[PDB]
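Residue numbers (the entry's author numbering), protein chains in the order written: chain A, 1112 to 1160; chain B, 49 to 96; chain C, 90 to 97; chain D, 290 to 338; chain E, 701 to 741; chain F, 919 to 966; chain G, 337 to 343, 361 to 405. Every residue, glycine too, gets a C-beta built ideally from N, C-alpha and C. One structure is given here, and the rest of the page talks about it.
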Amino acid sequence: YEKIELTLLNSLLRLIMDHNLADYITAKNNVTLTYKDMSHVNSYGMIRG
Amino acid sequence: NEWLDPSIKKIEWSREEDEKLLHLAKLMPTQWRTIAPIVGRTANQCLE
Amino acid sequence: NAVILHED
Amino acid sequence: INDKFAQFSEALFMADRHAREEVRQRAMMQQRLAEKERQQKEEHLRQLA
Amino acid sequence: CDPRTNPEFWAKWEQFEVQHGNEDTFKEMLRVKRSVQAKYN
Amino acid sequence: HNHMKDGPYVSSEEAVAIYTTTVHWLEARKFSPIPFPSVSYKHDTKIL
Amino acid sequence: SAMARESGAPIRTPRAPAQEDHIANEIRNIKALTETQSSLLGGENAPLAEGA
């Protein structure tokens, strides 16, 4: 899960489904993760939740 | 974090910002939360 | 030109 | 950011284009072979009639 | 120099662009004048 | 931050090989890509 | 001239090429690469407006 490239994942999801759904999934994995005063942006790896 | 921070550039985009945005949208498809720190705007501003 | 992973 | 993102994205996009055109080529070759088999079946049915 | 505060410099630059400068150079000078006006505002 | 600095760790040859293997597999399986959910989809309510 | 006697004005910058208008070419490449649908379906590869 930790080592998933979002561009390659977007390419493979574009292979198996419509590009709008693939783009939605890939953009949904690229979000800001916050815990209390700690915050970063997930740009590499997979959001399992 | 999206509007009221005055470290947000709230004017018309310069041209070099537009080539930066287009190149970054070419190399990172739909990763707008990643593109936006590099361009210098917010994710919604870059997407719009 | 080699690839260095995060874990090494 | 690193310059490997540009090469990665361009290589993925050209792989997508090459795969799509090769899928067209295989699809049209199979389609023409299907037409040839259909014509052979039509000739067989004409001879049997 | 500000555009509204140094109109003589802008006039001299426009005269130099007329003496030596194309329409693209005139557009670049107009963009520079607009940038100077935005900086002065 | 390390992924931003050191680039994508998957090389372009590796990604092209993975993508090509997936293309050849899904072509060999006669897979139909999943369409966008249509407005005239007759199963929207039960999935919802 | 002295020993013989003793015996364009405007400069215009050329216009940048229309093919070097990089924003339009980049957007055309974006449309050629992004909105393309699955490669299993076939389809027309939108030609790249790359040029130079």
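Below 8 Å between beta carbons: does that hold for residue i and residue j?
i: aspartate 702 of chain E; j: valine 736 of chain E; result: yes
i: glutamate 65 of chain B; j: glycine 88 of chain B; result: yes
i: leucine 394 of chain G; j: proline 951 of chain F; result: yes
i: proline 77 of chain B; j: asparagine 1121 of chain A; result: yes
i: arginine 306 of chain D; j: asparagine 382 of chain G; result: no
i: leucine 72 of chain B; j: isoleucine 56 of chain B; result: no
i: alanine 933 of chain F; j: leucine 301 of chain D; result: yes
i: residue 344 of chain G; j: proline 400 of chain G; result: For residue 344 of chain G, no position is available: the coordinates of chain G end at 343 and pick up again at 361.
i: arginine 81 of chain B; j: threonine 1143 of chain A; result: yes
i: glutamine 79 of chain B; j: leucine 1132 of chain A; result: no
i: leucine 95 of chain B; j: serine 298 of chain D; result: no
i: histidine 375 of chain G; j: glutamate 50 of chain B; result: no
Just tell me which of the options has its CA closest to the CA of residue i.
i: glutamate 96 of chain C; options: A:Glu1113, A:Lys1139, A:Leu1117; result: A:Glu1113
i: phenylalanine 716 of chain E; options: E:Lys739, E:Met729, E:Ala738; result: E:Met729
i: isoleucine 1158 of chain A; options: A:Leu1132, A:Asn1141, A:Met1149; result: A:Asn1141
i: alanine 405 of chain G; options: G:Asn378, G:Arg368, G:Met339; result: G:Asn378
i: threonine 366 of chain G; options: E:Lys739, E:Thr725, E:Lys712, E:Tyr740; result: E:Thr725
i: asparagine 722 of chain E; options: G:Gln372, G:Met339, G:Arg368; result: G:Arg368
Run through DSSP, which three-state label would residue i get?
i: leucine 1144 of chain A; result: strand
i: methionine 1157 of chain A; result: coil
i: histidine 1130 of chain A; result: helix
i: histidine 1151 of chain A; result: strand
i: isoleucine 93 of chain C; result: coil
i: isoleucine 56 of chain B; result: coil
i: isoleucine 383 of chain G; result: helix
i: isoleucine 952 of chain F; result: strand
i: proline 77 of chain B; result: coil
i: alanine 399 of chain G; result: coil
i: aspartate 66 of chain B; result: helix
i: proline 85 of chain B; result: helix
i: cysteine 701 of chain E; result: coil
i: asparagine 920 of chain F; result: helix
i: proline 707 of chain E; result: helix
Anything in chain I within Cβ reach of residue i, meaning under 8 Å, just list it in chain order.
i: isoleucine 364 of chain G; result: This model lacks chain I altogether; the protein chains it does include are A, B, C, D, E, F and G.
Using 8 Å as the threshold, is the segment 936-955 of chain F in touch with the segment 301-315 of chain D, meaning 3 or more CB pairs across them? yes
Whether or not the segment 925-944 of chain F and the segment 1115-1131 of chain A are in contact is what I'm after, with contact meaning three or more pairs of Cβ atoms, one per stretch, closer than 8 Å; do they touch? yes
Please list the residues of the segment 292-310 of chain D that have a C-beta atom closer than 9 Å to any C-beta atom in chain A, keeping them in chain order. For chain A, the residues of the segment 292-310 of chain D that bring a beta carbon within less than 9 Å of one of its beta carbons are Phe294, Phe297, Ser298, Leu301, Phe302, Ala304, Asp305, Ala308, in chain order.
Any contact between the segment 919-928 of chain F and the segment 290-299 of chain D? By contact I mean 3 or more CB pairs, one from each, below 8 Å. Contact between the segment 919-928 of chain F and the segment 290-299 of chain D is present, because at least three Cβ pairs lie under 8 Å.
Taking a cut of 8 Å between CB atoms, which residues from the segment 81-96 of chain B lie near chain A? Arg81, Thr82, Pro85
Proximal residues, the segment 1130-1149 of chain A versus chain B, C-beta separation under 7 Å: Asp1134, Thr1137, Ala1138, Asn1141, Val1142, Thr1143
For the segment 53-83 of chain B, which residues have a CB atom closer than 8 Å to at least one CB atom of chain G, in sequence order? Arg63, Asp66, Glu67, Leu70, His71, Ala73, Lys74, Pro77
Proximal residues, the segment 370-397 of chain G versus chain B, C-beta separation under 9 Å: Within the segment 370-397 of chain G, the qualifying residues are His375, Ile376, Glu379, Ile380, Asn382, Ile383, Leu386, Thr387.
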